[PDB]
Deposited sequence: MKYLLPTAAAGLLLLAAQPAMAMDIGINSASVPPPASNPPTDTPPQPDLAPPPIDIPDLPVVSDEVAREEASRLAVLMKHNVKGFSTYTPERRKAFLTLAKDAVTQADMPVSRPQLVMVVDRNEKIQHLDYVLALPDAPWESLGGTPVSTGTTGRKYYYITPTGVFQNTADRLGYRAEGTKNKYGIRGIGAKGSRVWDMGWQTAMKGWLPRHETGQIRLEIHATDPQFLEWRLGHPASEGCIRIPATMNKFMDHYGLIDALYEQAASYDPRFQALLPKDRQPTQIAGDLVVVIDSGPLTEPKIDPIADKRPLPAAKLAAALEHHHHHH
């Protein structure tokens, strides 16, 4: 069977004239040397190994695929890498279904930290979408919410309907969700979502506490009480925090498949 769909409510940040800060009041994102960045990435990698269920470093061939396709995608999206920063790379291929944290460096080869199984969107089921490839940024344009378990809201995105071989797109609210009583952790590693990205509950808490993709969220929390209120009070944000979630597809690109029971 396929688990029921997650709820993916939009969380666009309302405009507030009273919170508009001058440039000096918005802190700059931390910039560390490549030497410091690599040491911090190694520390975080060891912590994830011992605190996130299902964590793995990958084989050399798999690491190369994560690193090459993620760099390819960021380059094609013309998104700049001007400081050492983490990137969450998700391989939606039906045969992989894993994420890899990568350290992007502006003037040196990127480095792989490791990651966990995930579940992205499945084919063959009406109203379930294939998770789209591309570069998705976690910005202060959205708040996300807490289920509490953190939910990251990546905005409306064009996605391919998973049940129509003719290739027909629609709009999904792309979000990152932990596992829960209706989407159990043993589902991870095979496609089973309606289009969202499911991650282990412990990976969700780790990302929340260390702020791995929350660089722009933390920046906004400096002056905006709505972002401050959603972030954990006991967090310990890493200086190499990033903001990009990059969905790749390494094998033959996912093709939709008919749902034999759809009318």
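Residues 1 to 30, 178 to 192, 309 to 328 of the deposited sequence have no C-alpha coordinates in the structure.
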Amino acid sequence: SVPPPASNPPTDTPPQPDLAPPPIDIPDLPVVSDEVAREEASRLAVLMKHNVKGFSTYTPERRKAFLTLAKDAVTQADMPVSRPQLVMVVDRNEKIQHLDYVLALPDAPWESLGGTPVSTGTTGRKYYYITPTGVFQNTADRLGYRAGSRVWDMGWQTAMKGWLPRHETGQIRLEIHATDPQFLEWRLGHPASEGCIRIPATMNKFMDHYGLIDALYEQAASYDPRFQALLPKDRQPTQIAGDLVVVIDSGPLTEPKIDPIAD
From here on, numbers count along this sequence of modelled residues.
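Higher average CA B factor: 233 to 241, of the stretches 233 to 241 and 194 to 202. Annotation for 76 to 84 versus 172 to 180: the higher mean temperature factor (C-alpha) is found in 76 to 84. Taking the deposited Cα B-factors for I213, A220, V32, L44, the highest one is held by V32. In this PDB entry, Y127 carries a Cα temperature factor that places it within the middle third of its chain's modelled residues. When all modelled residues of the chain are sorted by CA temperature factor, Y145 is found within the middle third. Looking at the C-alpha B-factors along this chain, the one for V36 belongs to the highest third. Looking at the C-alpha B-factors along this chain, the one for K71 belongs to the lowest third.
Ranked by C-alpha B-factor against the other modelled residues of its chain, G189 falls in the lowest third.
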